[PDB]
Amino acid sequence: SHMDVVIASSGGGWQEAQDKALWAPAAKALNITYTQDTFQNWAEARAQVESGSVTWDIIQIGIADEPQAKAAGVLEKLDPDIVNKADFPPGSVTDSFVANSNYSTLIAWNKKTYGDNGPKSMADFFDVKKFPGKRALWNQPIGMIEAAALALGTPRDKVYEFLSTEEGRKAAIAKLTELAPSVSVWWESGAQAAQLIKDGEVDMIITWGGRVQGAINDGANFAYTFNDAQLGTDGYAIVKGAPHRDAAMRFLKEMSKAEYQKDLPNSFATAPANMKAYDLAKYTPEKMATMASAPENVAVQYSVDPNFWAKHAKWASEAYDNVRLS
Ligand SMILES: O=C(O)CC[C@H](NCC(=O)[C@@H](O)[C@H](O)[C@H](O)CO)C(=O)O
């Protein structure tokens, strides 16, 4: 669009944090202009590429979206020295993706409904007898299929080993189908999830930690836990055939720097991906406690496996779409 670099993320508090900490200061430093857009699924970028009319330059996607998007020819190969890979978690920087943060897909519950005695595991989240009430789940499968595997009693370190079999994949879908009548909303965006929490419209929800903490900061009577949460990685990629490819490459190089990443958790509960940010910002242990990647929080989580999603995303999207139709 115009001569502006077009950058797209998923709206709300998360997009505002990226804009304030990364996009606006990096564009100012490079004397460049940018336009924001919002989207919820990388398939929208795929639609642009397949139509021959590409308007987006930079897209903010998840680490488990990257293998699928790359295989579909949706992403540009990045310039080899865009970042120093040593400054980022291993595997978080690929030839087509640069991480910007770590986050958790976790359990949050309504304190009006359950008080302090809320679901503290996926087995509890799926237990309608022990915890009666309205559930909310994402309308996309990443973090949801694995939550079902954990609810079936799979150890956190064996999630993907259990999902490697047709039997395990069908059992996780059966477990979601069993829960489906108690699911009152299949939320689509992080801001919609935060609003359900602020309004107390759901009794429990599986959503992103920063969205939950922001809703609690805004007065929501909810609590959450990192136990059984999925440790995710968000980042940037450049759309294949981007109208401002070279400018976008320079913009991505700049915004990935430690001097901008340090400001990312200022007004949104997220964890910068650039390890050098931690030395600059010197976060308080209180601030550290809110971060998905903090050692205390990591111990009770499992990391998303992009290799599982590279193999089974098509099957998972179709089987999960069928669950939500109920
Ligand atoms: O990294 C963070 O701290 C933010 C976590 C979380 N992001 C999940 C995510 O990748 C979404 O932004 C969208 O599904 C994605 O950008 C659309 O491809 C959120 O929006 O809250």
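Residues numbered from 1 in each chain as written, not as in the entry; some residues may be left out. Heavy atoms only, no water.

In the PDB header, X-ray crystallography is given as the technique by which the entry was determined, and 1.8500 Å as its resolution.

Chemist: Is there a simple way to explain empty space enclosed by the protein in this structure?
Modeler: The gaps left among the atoms become clear once a water-sized probe is rolled over them. Inspection of every chain in the model, using the stated rule, returns 2 cavities of 30 Å³ or more. In this model, the largest cavity occupies a volume close to 460 Å³. Lining the largest cavity are 29 residues, and of these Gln60, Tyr103, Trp138, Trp208 and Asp234 lie nearest its centre. When contributions to the lining of the largest cavity are tallied by element, the ones reaching two or more residues are β3 (58-62), β4 (98-110), α10 (209-217) and β8 (222-238). No other element matches β8, which puts 4 residues into the lining of the largest cavity. Here the lining of the largest cavity is built from residues that sort into 13 nonpolar, 13 polar and 3 charged. As a volume, the second largest cavity reaches approximately 90 Å³. (1 Å grid on protein atoms, 1.4 Å probe; cavity = no way out; pocket = protein on both sides within 12 Å on 5 of 7 lines; lining within 4 Å. Points joined across faces, edges and corners; volume = space filled by probe spheres on them. Helix = DSSP H or I, 4+ residues; strand = E, 2+ residues; numbered from the N terminus. Nonpolar A, V, L, I, M, F, W, Y, C, P; charged D, E, K, R; others polar.)

Chemist: Just checking my understanding: could you explain the UniProt feature "binding site: Ca(2+) 2" (unreviewed entry) in the protein for this structure?
Modeler: The positions UniProt marks with the feature "binding site: Ca(2+) 2" (unreviewed entry) are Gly210 and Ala269. With the annotated positions falling across 60 residues, the maximum pairwise C-alpha distance of 4.5 Å places them together in a single cluster. Of the annotated set named above, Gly210 and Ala269 line the largest cavity. Counting through the fold element by element, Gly210 comes out in helix α10. If near-sequence neighbours (up to four positions away) are discounted, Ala269 is found in contact with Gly210, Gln213 and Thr290. (UniProt positions renumbered as here; feature names shortened; annotations may be inferred. Contact = heavy atoms within 4.5 Å.)

Chemist: Any chance you could explain helix α6 (residues 144-151) here in plain terms?
Modeler: At 3.6 residues per turn, the α-helix brings residues three or four places apart onto the same side. Taken across its 8 residues, α6 has 8 buried, putting it largely inside the fold. Taken as a whole, α6 has its buried residues at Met144, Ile145, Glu146, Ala147, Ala148, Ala149, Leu150 and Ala151. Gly153, located one to two residues past α6, shows a positive phi value of around 95°. (Buried < 20%, exposed > 50% of the residue type's maximum accessible area, 1.4 Å probe, protein only.)

Chemist: When you look at the pattern of salt bridges in this model, what are you seeing that I'm missing?
Modeler: Opposite charge on two side chains lets them pair, provided their charged atoms get close. Applying the stated criterion across every chain, the model contains 13 salt bridges. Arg245 serves as the salt-bridge partner of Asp246, at 2.8 Å between the closest nitrogen and oxygen. Judged by its relative accessible area of 23%, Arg245 falls in the partly exposed class. Beyond isolated ion pairs, a larger network of salt bridges with shared partners links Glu76, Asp79, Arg245 and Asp246. (Salt bridge = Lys/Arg side-chain N within 4 Å of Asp/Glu carboxyl O.)

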